[PDB]
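> Sharing a structure below in structure tokens format, with a few things to ask.
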Amino acid sequence: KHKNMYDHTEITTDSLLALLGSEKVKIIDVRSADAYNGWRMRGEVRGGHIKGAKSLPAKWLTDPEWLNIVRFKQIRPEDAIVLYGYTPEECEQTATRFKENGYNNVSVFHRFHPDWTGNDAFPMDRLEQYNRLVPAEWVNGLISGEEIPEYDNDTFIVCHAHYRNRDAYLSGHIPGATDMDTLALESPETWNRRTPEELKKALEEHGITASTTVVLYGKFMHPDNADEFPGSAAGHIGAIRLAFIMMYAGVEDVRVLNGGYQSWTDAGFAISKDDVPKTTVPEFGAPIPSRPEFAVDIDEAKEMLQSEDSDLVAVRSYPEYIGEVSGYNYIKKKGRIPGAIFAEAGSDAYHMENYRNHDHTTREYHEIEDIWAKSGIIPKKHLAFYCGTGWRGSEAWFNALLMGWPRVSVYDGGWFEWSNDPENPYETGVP
Ligand SMILES: C[N+](C)(C)[C@@H](Cc1cnc[nH]1)C(=O)O
Ligand SMILES: [Ca+2]
Ligand SMILES: [Cl-]
Ligand SMILES: [Cl-]
Ligand SMILES: [Mg+2]
Ligand SMILES: [Zn+2]
């Protein structure tokens, strides 16, 4: 009877089943976050995670901040740790890592697949709209013309988003993908989405129809706030921003590669540097916009500030919220929109640490949901997410859309449009 760093106690299916409601038990899913979200990566009939389990991919074991990730997830040494993956062998290194850091109650569950997944009496959970947040393997099967799940279309295009930075695409991209500058879909004068006529033309010239499956991704290139255009390095936020605009426009099937470009290279897939020419299409094929409810403008936003069933959600950094900084080198006014619910997004305007993991995949949606619920950000409301110009608000909106929330929007204008009118009220300082 000795603590063994390399020999781990097995917990049975019946034992784990009896502990699903225990507050001191932490069930840890070491598979990829995509599988955790619901993707049936091994052909399992039921995808997702054990109900109540948290996400901690074994891939993160190479992260030097691994222990900080665990502690911020509130996984404490006094908790009973139960690990599972597709196989118990995949949990071995994670079990050792917990034990090496003072966690003495660590077990491995061996029968998640196919025992737990293969019986509908064992409760499981999943991200409702998980098929919109695709893993790298799914994209690779798509461009390879192989049979892939959650895909029934015959037309697709992979789009590499960037903000006035073609080098982000030319330095390395997914094979066959074409680049889309974010200026194709949004105006530099308002930093709002372009008019329906411009969107129709831009989408056609990039080879996108309403019936085309669009797979969007961006490349994170460490934005530096001191640069003139730090947005040129926050490629994946722009990709989700373009996903918002295309879904608003009328593209029926829009996918986002979870984690952006880094997920493609972390999977070990081949990289291309070809400047792929566009293959234009003559007609977009649907009225624009087909989903106008996704976009909220300033008159509706002011109305939502006065409504009981509606709220605006400020997806900005804390220094922006208290008026310490504007967040952008092209915005002079500092402050916040009065009456909006604050949802701290990250360190500055070009990072989304509170909505992402270190590998830029979306944060465990249960954590996003519970943090939102503490501030009254709940699905029974009409919510309009916003930030400075709508990039970060789009990413927060997309996270809510993935949860199946029925009435989420983006207030496009954001702090940029709000503060450009000197007659609009604003608050400042610590609340
Ligand atoms: C609308 N542009 C592309 C000018 C913004 C986009 C943006 C990035 N993070 C928040 N907003 C920028 O880069 O400042
Ligand atoms: Ca604000
Ligand atoms: Cl990014
Ligand atoms: Cl990019
Ligand atoms: Mg805008
Ligand atoms: Zn529990």
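When you line the sequence shown up against the deposited numbering, it's residues 26 to 456, in that order.
Ideal placement from N, C-alpha and C gives every residue a C-beta, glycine not left out.
Among the residues of its own chain, which have a CB less than 6 angstroms from the CB of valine 321, if the five just before and after it don't count?
Translated into positions along the sequence shown, residue 321 becomes position 296. The residues are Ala409, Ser434, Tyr436.
> Closest by CA to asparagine 449, which one among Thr34, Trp64, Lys359?
Within the sequence shown, numbered from 1, the residue matching residue 449 stands at position 424. Per the Cα distances, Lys359.
> Where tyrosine 188 and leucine 208 are concerned, what is the direct C-alpha to C-alpha distance, given to the nearest angstrom?
For the purposes of this step, residue 188 is taken as the residue at position 163 of the sequence shown. For the purposes of this step, residue 208 is taken as the residue at position 183 of the sequence shown. Answer to the nearest angstrom: the Cα atoms are 7 angstroms apart.
> What's the C-alpha gap between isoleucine 106 and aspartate 395?
In the sequence shown, residue 106 corresponds to position 81, counting from 1. In the sequence shown, residue 395 corresponds to position 370, counting from 1. Using only the alpha carbons, I get a separation of about 21 angstroms.
> Assuming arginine 280 is part of the beta strand (DSSP E), what are its boundary residues?
Start at 1 with the first residue of the sequence shown, and residue 280 comes out as number 255. From DSSP, the beta strand (DSSP E) with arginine 280 extends over 279-282.
> Judging by CA-CA distance, which residue of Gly68, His383, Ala264 is the nearest neighbour of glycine 371?
Position 346 of the sequence shown, counting from 1, holds the residue named residue 371. Ranking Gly68, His383, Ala264 by Cα distance to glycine 371 puts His383 first.
> Would you say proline 314 and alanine 274 are within 8 angstroms of each other, going by their C-beta atoms?
One-based indexing of the sequence shown puts residue 314 at position 289. One-based indexing of the sequence shown puts residue 274 at position 249. Yes. Within cutoff.
> So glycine 77 packs on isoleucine 53, CB below 8 angstroms; how close in whole Å?
The residue labelled residue 77 in the question sits at position 52 within the sequence shown. The residue labelled residue 53 in the question sits at position 28 within the sequence shown. Contact doesn't hold; Cβ gap of about 11 angstroms is too wide.
> Take every Cβ of the region 274-292, pair it with every Cβ of the region 162-178, and state whether three or more of those distances are shorter than 8 angstroms.
Touching, yes.
> Identify whether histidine 185 lies in helix, strand or coil by the three-state DSSP scheme.
As a first step, residue 185 must be located in the sequence shown, where it is residue number 160. Strand, per DSSP.
> Based on the DSSP output, what are the partners of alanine 227 in its beta bridges?
Here residue 227 corresponds to residue number 202 of the sequence shown, with the count starting at 1. Answer is none; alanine 227 lacks a bridge partner.
> State buried or exposed for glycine 68, treating a residue as buried only when at least 16 other CB atoms are found within 10 Å of its CB.
In the sequence shown, the residue the question calls residue 68 occupies position 43. Exposed, by the Cβ-count rule.
> To which residues of the same chain is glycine 438 closer than 7 angstroms at the C-beta, ignoring the five residues directly before and after it?
Residue 438 sits at position 413 when you count from the first residue of the sequence shown. So the list reads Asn217, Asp322, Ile323, once near-sequence residues are dropped.
> Note down the Cα distance separating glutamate 442 from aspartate 252, rounded to an integer number of angstroms.
The residue given as residue 442 occupies position 417 in the sequence shown. The residue given as residue 252 occupies position 227 in the sequence shown. If you take the alpha carbons of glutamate 442 and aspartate 252, they lie about 23 angstroms apart.
> Report the start-end ranges of each alpha helix (DSSP H) in the region 29-87 that is 4 residues or longer and not cut off at the edges.
You should have 38-43, 58-62.
> If you run the structure through DSSP and keep just helix, strand and coil, what is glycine 243?
Taking the sequence shown and counting its residues from 1, the one referred to as residue 243 is at position 218. Correct three-state label for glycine 243: strand.
> Using the C-alpha atoms, what's the distance from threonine 234 back to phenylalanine 319?
For the purposes of this step, residue 319 is taken as the residue at position 294 of the sequence shown. For the purposes of this step, residue 234 is taken as the residue at position 209 of the sequence shown. Approximately 19 angstroms between the Cα atoms of the pair.
> Kindly indicate which three-state DSSP category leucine 337 falls into: helix, strand or coil?
Working through the sequence shown from its first residue, we reach residue 337 at position 312. Three-state result, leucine 337: strand.
> Looking at the structure shown, is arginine 388 part of a helix, part of a strand, or coil, going by DSSP?
Your numbering for residue 388 matches position 363 in the sequence shown. Three-state DSSP puts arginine 388 in coil, outside helix and strand.
> Alpha helix (DSSP H) containing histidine 261: first to last residue?
Locating residue 261 in the sequence shown gives position 236, counting from the first residue. From DSSP, the alpha helix (DSSP H) with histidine 261 extends over 260-274.
> Does the Cβ-Cβ distance between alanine 339 and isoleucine 362 come in under 8 angstroms?
As a position in the sequence shown, residue 339 is number 314, starting the count at 1. As a position in the sequence shown, residue 362 is number 337, starting the count at 1. In contact: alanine 339 and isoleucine 362 (Cβ atoms closer than 8 angstroms).
> Just list the residues that DSSP pairs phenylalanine 410 with in beta bridges.
Counting from one through the sequence shown, the residue named residue 410 turns up at place 385. Paired residues: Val338, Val435.
> For the region 94-112 and the region 123-130, state whether three or more C-beta atom pairs, one from each stretch, are separated by less than 8 angstroms.
Touching, per the Cβ criterion.
> What separation, rounded to the nearest whole angstrom, lies between the Cα atoms of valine 159 and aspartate 59?
Working through the sequence shown from its first residue, we reach residue 159 at position 134. Working through the sequence shown from its first residue, we reach residue 59 at position 34. Going by the C-alpha atoms only, they are around 7 angstroms apart.
> Does DSSP put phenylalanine 423 in a helix, a strand or coil?
The sequence position of residue 423 within the sequence shown is 398, counting from 1. Three-state result, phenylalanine 423: helix.
> Need the endpoints of the beta strand (DSSP E) that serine 132 sits in, please.
Position 107 of the sequence shown, counting from 1, holds the residue named residue 132. Run containing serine 132: 131-134, per the beta strand (DSSP E) assignment.
> Count the other CB atoms within 10 Å of the CB of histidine 27; is the residue buried (16 or more) or exposed (fewer)?
Reading the sequence shown from its first residue, position 2 is the one you call residue 27. That one is exposed.
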